[PDB]
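The block underneath contains the structure these notes are about, expressed in structure tokens.
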Amino acid sequence: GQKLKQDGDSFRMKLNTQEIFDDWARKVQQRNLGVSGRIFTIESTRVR
Amino acid sequence: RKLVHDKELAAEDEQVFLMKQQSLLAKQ
């Protein structure tokens with residue numbers, strides 16, 4: 001029983017989930033997504 | 001004095017309007 005509970009606790013520790021949430025939030029903050037600016041944008045492209 | 005149709009609808013090719021408004025966006 002104690003061996004099984006130790007294995008389950010180790011798996012649950014390996015089954016953590018908040019770290020990816022923190023990483024995603026950090027990436028979101030770093031990239032600084034935004035939409036504010038002009039209504040629509042005009043650009044220059046040399047189409048093939 | 002039979003009236004003749006005046007200047008018809010102009011084309012104003014898309015590229016010219018696009019460059020004019022690109023300049024306007026740049027200056028605004």
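Every number in this text was worked out from the coordinates using simple rules, so none of it is lab data. A quick note on method: Cβ atoms are made from the backbone with ideal geometry, for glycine too, and the neighbour counts reach across all protein chains shown.
Using the Cα centre as the reference, give the magnitude of the dipole from point charges on the C-beta atoms of the protein assembly as shown (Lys, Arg: +1; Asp, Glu: -1; all else neutral), rounded to the nearest 20 debye.
60
Using only the alpha-carbon atoms, how far is helix A:2-14 inclined from the longest principal axis of chain A? Give it as 0 to 90 degrees, nearest 10.
10
Per DSSP helix of 4 or more residues, -39500 (n - 2.57); summed, then divided by the residues of chain A. What does that give at 222 nm, rounded to the nearest 500?
Helix-only estimate at 222 nm: -18000 deg cm²/dmol.
How far apart, in nanometres, would the label points at A:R38 and B:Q22 be if each is projected 7 angstrom from Cα along the Cα-to-Cβ direction?
1.0
What is the angle, in °, between the Cα long axis of helix A:18-31 and the longest principal axis of the Cα atoms in chain A? Nearest 10 is fine, range 0 to 90.
Orientation of helix A:18-31: about 20 degrees from the principal axis.
Given axes a ≥ b ≥ c from the Cα gyration tensor, I'd like to know whether chain A is rounded (a/c under 1.5), prolate (a/b larger than b/c) or oblate.
Prolate shape, in that a/c is at least 1.5 and a/b is the bigger ratio.
Distance in nm between label sites at A:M13 and B:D6, each 7 Å beyond Cα in the beta-carbon direction?
Using points 7 Å along Cα→Cβ, the separation is 8.7 nm.
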